[PDB]
Structures are given as C-alpha cells and as structure tokens.
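J.:
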Amino acid sequence: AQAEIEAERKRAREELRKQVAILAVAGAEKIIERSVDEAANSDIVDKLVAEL
Amino acid sequence: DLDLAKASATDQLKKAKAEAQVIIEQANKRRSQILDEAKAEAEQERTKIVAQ
C-alpha cells in the first residue's frame with residue numbers, strides 16, 4: 105500500500121503543476137496585450153532585423 | 053472366538069483408516085481458510101491505509 109500512495113503524491117503534484125503552468129501563460133497573454141499597444145512595437149520589429 | 057475377535061478388530065481398523073482421512077482433510081480446508089481469511093484482513097488493511 106505504500107508505493108500506491110507514493111504514485112498518488114507524484115500524480116497530484118503534477119496535476120497541480122499543470123494548472124499553474126497554463127494560468128501563467130494565460131496571464132502573460134493578457135498582460136502582453138495591455139502593454140505593447142505603444143511605440144514598444146517599433147522596438148520589437150527593429151530587434152529581429154539586426155539579426156534577421 | 054479368534055474369528056470373531058479378528059472381525060471386530062478389522063472393522064475398527066477400517067474406522068481408523070477412514071478417520072485418519074477425516075481429520076486431516078478437515079485440517080486442510082481449515083489450513084486454506086486460515087490463510088484466505090488473512091487475505092481479507094490484509095486487503096482491508098491496505099484499502100484502509102490507502103483511503104486514509
């Protein structure tokens with residue numbers, strides 16, 4: 105019965121990590137869509153051309 | 053007299069031969085039961101610890 109619980113600790117830990125990890129990117133999307141609306145775009149488009 | 057004593061001992065000997073079977077063939081189903089009860093004991097124990 106012990107390995108049967110060890111597996112469950114691993115599985116619950118992973119279950120939680122999944123949710124945190126997707127909510128992170130959802131939050132980054134909205135935050136990014138609030139803050140690049142300015143001339144900040146001109147930097148991005150100029151950044152790759154120096155490496156393009 | 054001898055013939056009669058021999059028949060009387062003979063039937064008793066049949067009964068000895070048969071009850072040597074009855075005792076241990078009861079003991080064998082009991083040997084089974086003693087362990088198959090432990091199966092239930094430990095299975096419920098495992099399930100209880102896992103539930104806890």
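The listed protein sequences derive, respectively, from chains Y and X. As numbered in the entry's author numbering, residues 105 to 156 make up the first sequence, in order. As numbered in the entry's author numbering, residues 53 to 104 make up the second sequence, in order. Note that the Cβ used here is the ideal one computed from N, Cα and C, for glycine as well.
Mind checking which residues open and close the alpha helix (DSSP H) that includes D147/Y?
T.: Segment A144 to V153, the alpha helix (DSSP H) holding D147/Y.
J.: Since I101/X meets chain Y, which of its residues come closer than 7 Å, beta carbon to beta carbon?
T.: The answer, in chain order, is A105.
J.: Measuring only between beta-carbons, confirm whether residue 198/Y sits less than 7 Å from chain X.
T.: The displayed coordinates of chain Y run from 105 to 156. Any statement about residue 198/Y would go beyond what the structure contains.
J.: Is the Cβ of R98/X closer than 7 Å to any Cβ of chain Y?
T.: Yes - at least one Cβ of chain Y is within 7 Å of the one on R98/X.
J.: Could you tell me whether any Cβ in chain X is nearer than 7 Å to the Cβ of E108/Y?
T.: Judged by the 7 Å Cβ criterion, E108/Y is in contact with chain X.
J.: Can you list, in chain order, the residues of its chain whose CB lies under 8 Å from that of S60/X, leaving out five sequence neighbours each side?
T.: There are no such residues.
J.: What is the rounded straight-line gap between the Cα of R113/Y and the Cα of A94/X?
T.: So the two alpha carbons sit approximately 23 Å from each other.
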